[PDB]
Every structure is written in structure tokens, then in C-alpha cells.
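Order of listing sets the numbers, starting from 1, for every ligand and every atom in it. Below, read A as the first sequence line, B as the second, and so on, with proteins coming before strands; counting in each chain starts at 1. Side-chain atoms are counted along with the backbone in the values below, which use heavy atoms only and exclude waters and symmetry mates.
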Amino acid sequence: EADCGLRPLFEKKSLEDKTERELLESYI
Amino acid sequence: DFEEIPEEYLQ
Amino acid sequence: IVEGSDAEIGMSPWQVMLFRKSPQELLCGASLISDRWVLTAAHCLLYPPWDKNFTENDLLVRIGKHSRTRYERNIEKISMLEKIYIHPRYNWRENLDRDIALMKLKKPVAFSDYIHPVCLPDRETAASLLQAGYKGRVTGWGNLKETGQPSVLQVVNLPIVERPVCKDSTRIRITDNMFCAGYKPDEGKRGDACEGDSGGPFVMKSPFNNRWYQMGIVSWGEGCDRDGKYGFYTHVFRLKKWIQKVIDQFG
Ligand SMILES: N[C@H](Cc1ccccc1)C(=O)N1CCC[C@H]1C(=O)NCc1ccccn1
Ligand SMILES: *[C@@H]1O[C@H](CO)[C@@H](O)[C@H](O)[C@H]1NC(C)=O
Ligand code: NA
Ligand code: NA
């Protein structure tokens with residue numbers, strides 16, 4: 001779907017979950 | 001263990 | 001999930017519970033990929049060595065859940081299965097090669113704050129993100145330890161492991177349709193999937209478009225969270241042509 005992978009309670013509202021930054025930091 | 005689910009789903 | 005934490009509300013809105021009708025029990029994890037299609041591991045549905053061979057009417061899927069055992073009135077949605085599709089070259093005899101299955105829902109599920117599909121990776125996203133050291137996230141209601149069960153959905157972030165390390169950790173023959181993830185003994189941190197997490201998603205958040213992609217399916221391991229062992233995941237991109245063929249033909 002065009003909207004896949006964008007969470008209503010997070011990405012859609014520009015809120016981050018408590019540990020997603022751990023993933024980002026590993027993407028070097 | 002598991003709470004019973006509505007009967008409609010077991011029909 | 002071993003050594004994970006409680007998920008936040010709506011953290012994994014594509015998470016699906018595969019639920020046995022009688023007796024009522026958790027069978028596996030799974031994921032929502034569209035309003036009509038659910039992705040899981042083939043071994044959640046077919047594994048002859050354990051006398052497992054479920055048909056559509058044996059099962060339900062429960063979508064939008066957080067609590068493991070509660071009936072989450074007004075939040076979760078429960079769907080019947082129209083049809084199960086197992087990869088035609090799923091190798092249940094040897095090593096779980098091509099451990100993938102699709103389930104088509106009898107009726108489309110309504111999306112909500114708690115119910116929303118994950119993306120499947122394109123070749124470029126897969127090539128960019130499926131690299132040793134890069135972390136993904138596994139979620140599930142499976143056991144908290146190898147040898148108990150969580151109140152709510154658990155989450156753990158785990159690094160993808162170098163293929164030679166995966167291979168050298170096990171006597172089982174690994175294939176290109178698998179990857180492994182987890183911390184090494186020296187790394188300090190730990191965590192793993194466990195029984196009941198089977199079939200659930202290993203996801204990564206693309207730093208290019210900020211979308212979540214499902215790169216893996218919880219497939220197999222030896223024990224749970226053992227030092228020097230790693231969890232093995234179905235390589236979703238490598239099998240995407242089959243996924244697409246099923247959806248195009250039967251969607
Ligand atoms: N322990 C076996 C190892 C194995 C692997 C491949 C072929 C035969 C045996 C296993 O993981 N199995 C045997 C069949 C299903 C799978 C399993 O338990 N998967 C669920 C699982 C495993 C590890 C962690 C979380 N879930
Ligand atoms: C599993 O179930 C189907 C349908 O009942 C059956 O035809 C098949 O032979 C069984 N065993 C498999 C697919 O290995
Ligand atoms: Na080996
Ligand atoms: Na380990």
C-alpha cells in the first residue's frame with residue numbers, strides 16, 4: 001500500500017518510539 | 001490462559 | 001522474545017497473532033502486508049515431523065493486539081482465513097529453506113491506529129539495509145526464556161550477523177534464503193526470538209524514506225538466546241517474486 005510502514009501513532013504524528021534510534025545509529 | 005473470544009468468530 | 005521489553009501501544013501495528021480455534025491457543029506470529037494478506041513462516045502451518053498440518057478452518061488471525069491473552073474489545077480485529085499458500089519449495093525435510101507462507105483473509109480488515117500494514121522491501125532497500133551490524137527489530141508473544149510467557153507484546157532490536165559467523169554457529173545447512181541475527185558472546189547485550197515468536201516479523205526502518213520494511217520472518221534457532229547461537233530468519237526479499245506471484249494470481 002502507498003501508506004505501508006508508516007505507523008498511525010508514530011510516523012504519521014511525527015512521534016518516535018523509545019528504541020528506533022538504536023536502529024538508525026546502526027545504519028552506518 | 002486465554003480469554004474467550006466472541007462466539008461469532010468460532011462459527 | 002528473550003531479553004526484550006514491553007512494546008509501546010501501536011509500536012508494531014502490522015503484528016498478527018495466529019490463533020488456534022480449538023483448543024484456543026497462540027500458534028505463531030505473522031504480519032499484515034495489505035488489507036487482505038498476512039505473511040508468516042511455512043513451519044507455522046506445515047511441519048510433518050511434529051504432525052503439524054493446519055487447514056484454513058483450524059485457524060484465526062488476530063490483528064491489532066497488545067495483550068497476549070485478553071480479548072481486546074474495540075481494538076483487535078479477528079479474521080477468518082480464505083486460503084493458505086505455502087511456498088512450493090519449502091524444505092521442511094531438512095533445514096526450513098524457503099520458510100514462508102501467505103494467508104488470504106476472507107474479508108479485508110479495517111485499518112486503525114492499531115492496525116496497519118508493513119512494507120515489503122525492494123531490491124535496493126534490501127541491498128542497503130541487509131548488512132552485518134545493521135539492526136532490525138523482532139516482536140512477538142512467544143516465550144520469555146528457553147526453559148515464562150509475557151502479558152503483552154515484546155520487542156527486541158538485534159544486529160544482522162556476518163554470514164560466515166552464522167554458518168559457523170550451527171551444523172544445519174544455511175542457504176541464501178536465510179539470514180541470522182543476534183549479539184555475539186563478547187558483545188554483552190543479548191536477546192532472541194523464542195517458541196511462539198515463529199512466523200513474526202523482523203523489521204527495519206529505512207533511513208531513506210522513514211518507512212518500516214519487513215526483511216525477515218522468525219524461522220529457526222537452536223534454543224533461545226544461547227551464547228554463540230543466532231536466530232535465523234527467512235530472507236523476505238529473496239522470496240518476494242513468489243509473494244508477488246501469489247498475490248497477483250489470487251488477489
Ligand atoms: N530447533 C529447530 C532447529 C531446526 C531448524 C531447521 C530444521 C529442523 C530443525 C527449530 O528451530 N525448528 C524445528 C522446526 C521449526 C523450528 C522452530 O522451532 N522454529 C521456531 C523458533 C525457533 C527459534 C526461535 C524462535 N522460534
Ligand atoms: C497437508 O495437508 C494437505 C491437505 O489436507 C494434504 O493434501 C497434504 O498432503 C498434507 N501434507 C503435506 C502438504 O506435506
Ligand atoms: Na556450520
Ligand atoms: Na545467542
Looking only at protein heavy atoms, which one is nearest to atom 18 (O) of ligand 1, and what is the separation? C/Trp50 CH2, 3.9 Å
Given C/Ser219, C/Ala193, C/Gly199, identify the one with the heavy atom nearest to atom 24 (C) of ligand 1. C/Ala193
Answer yes or no: is there a side-chain heavy-atom contact under 4.5 Å between C/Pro117 and C/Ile33? no
I need the single residue from C/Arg62, C/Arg68, C/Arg70 that forms a salt bridge (charged side-chain N to carboxylate O under 4.0 Å, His left out) with C/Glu76. Which is it? C/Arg62
Got a sec: is C/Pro185 within less than 3.0 Å of the Na ion (ligand 4) via an N/O/S atom? no
If you scan protein heavy atoms around atom 12 (N) of ligand 1, the nearest is C/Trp220 CB, 4.3 Å
Location of contacts on C/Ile172 toward ligand 1, heavy atoms closer than 4.0 Å: side chain
Can you tell me which residue and heavy atom of the protein come closest to atom 7 (C) of ligand 1, and the distance to 0.1 Å? C/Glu94 O, 3.4 Å
3.0 Å cut-off met by an N, O or S atom of C/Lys229 to the Na ion (ligand 4): yes
Geometric N/O contact C/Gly221 with ligand 1, under 3.5 angstrom: yes
Determine whether the side chains of A/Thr19 and C/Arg137 contain a donor N or O and an acceptor N or O closer than 3.5 Å. yes
Nearest heavy-atom contact between C/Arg226 and C/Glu146 is NH2-OE2, 2.8 Å
Run the ring-ring contact (aromatic ring centres under 6.0 Å, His included) check on C/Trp141 and C/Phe19 step by step: do they pass? CA-CA 12 Å; C/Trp141 295 277; C/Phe19 195 73; over 10 Å; no
Taking the side chain as every heavy atom from C-beta outward, state whether C/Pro201 and C/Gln15 have any atom pair closer than 4.5 Å. yes
Kindly confirm whether the Na ion (ligand 3) is within less than 3.0 Å of some N/O/S atom in C/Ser169? no
Closest heavy-atom contact between C/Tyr183 and C/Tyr230? O-CE2, 3.5 Å
Minimum-distance protein heavy atom relative to atom 20 (C) of ligand 1: C/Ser198 OG, 2.6 Å
Should C/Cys224 be listed as contacting ligand 1, given a heavy-atom distance under 4.0 Å as the test? no
Mind checking whether the Na ion (ligand 3) has an N, O or S of C/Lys167 under 3.0 Å? yes
For C/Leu96, atoms of ligand 1 separated by under 4.0 Å from a heavy atom: 15 (C), 16 (C)
Side-chain touch C/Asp99/C/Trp92, heavy atoms, less than 4.5 angstrom: no
Note the single closest protein heavy atom to atom 9 (C) of ligand 1, along with its residue, its atom name and the distance in Å. C/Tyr47 OH, 4.3 Å
Does some side-chain heavy atom of C/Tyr213 sit less than 4.5 Å from a side-chain heavy atom of C/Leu120? no
